[PDB]
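Asker: First the structure, which I've put down as structure tokens, then a few questions once you've had a look.
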Amino acid sequence: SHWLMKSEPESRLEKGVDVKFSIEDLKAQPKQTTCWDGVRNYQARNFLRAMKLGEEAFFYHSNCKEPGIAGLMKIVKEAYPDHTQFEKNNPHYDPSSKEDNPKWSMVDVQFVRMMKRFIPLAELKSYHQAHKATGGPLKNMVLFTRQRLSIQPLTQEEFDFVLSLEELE
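Residue numbers for the sequence shown follow the numbering used here, so the first one is -12 and each next one is one higher.
Structure (structure tokens):
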């Protein structure tokens, strides 16, 4: 399995709290690792639960001015409870979640490297749209299939094409 994980590159307040966290903030983490908290989308959650140690995931910046894939990271820790679903403080708090059996989960990713060059959502859309008429590996990419999924699986095909655009100028 291969994945795509979205996060806020530039600052933005939610329920009063800032959810900012780009690829650089991950690199700036001890051992360049962090807990990918926040996810409250059932379909997104069930993917987090299905991730295996070692599998890789593109770090996607969900920005307005410059959305795209800036780098790569890996899963070093399998799903477990998201501590913030309970902290009444956090904007992702959930009253319906029992500590006895949490509804929300998270995983731990470690930084690996950056793309040999940034990949704009614009670049991804054109090829995607292109393949969507000629027949290509990005014909059914989730990034364009699910406009609102923060955690997404990618077939080796799509993954191989994203990496190939990395070796182009």
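Beta carbons are placed, not taken as given, at the ideal position from N, Cα and C, and that holds for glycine.
Taking all protein chains shown into account, decide if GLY25 is buried (16 or more other Cβ within 10 angstroms of its Cβ) or exposed.
Answerer: So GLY25 counts as buried.
Asker: Taking contact to mean 3 or more Cβ pairs, one atom from each stretch, closer than 8 Å, check whether the segment 98 to 110 and the segment 10 to 28 are in contact.
Answerer: Yes: the two stretches touch, three or more of their Cβ pairs being nearer than 8 Å.
Asker: When the Cα atoms are used, what is the spatial distance from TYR67 to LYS(-7)?
Answerer: Roughly 19 Å separates the two Cα atoms.
Asker: Between which two residues does the beta strand (DSSP E) harbouring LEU141 extend?
Answerer: From DSSP, the beta strand (DSSP E) with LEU141 extends over 138 to 141.
Asker: Pull up the DSSP beta-bridge partners for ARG100, would you.
Answerer: Paired residues: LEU59.
Asker: Would you kindly work out how many angstroms separate the C-alpha atoms of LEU152 and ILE106, rounded to a whole number?
Answerer: Cα-Cα distance, rounded: 8 Å.
Asker: Output the distance between the C-alpha atoms of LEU130 and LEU136, rounded to the nearest integer angstrom.
Answerer: In a straight line, the C-alpha of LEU130 is about 8 Å away from that of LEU136.
Asker: Just tell me which of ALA120, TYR80, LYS14, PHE73 has its CA closest to the CA of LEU59.
Answerer: Of the candidates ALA120, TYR80, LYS14, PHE73, the one whose C-alpha sits nearest the C-alpha of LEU59 is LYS14.
Asker: Could you work out which residue in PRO124, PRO(-4), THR121 is closest to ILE56 when comparing CA atoms only?
Answerer: When each option's Cα is compared against that of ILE56, the closest is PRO(-4).
Asker: Keeping to the same chain, check which residues put their C-beta closer than 6 Å to that of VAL4; ignore five residues upstream and five downstream.
Answerer: Result list for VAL4: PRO78, in chain order.
Asker: Who are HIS48's beta bridge partners in DSSP?
Answerer: According to DSSP, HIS48 bridges with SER(-6), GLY55.
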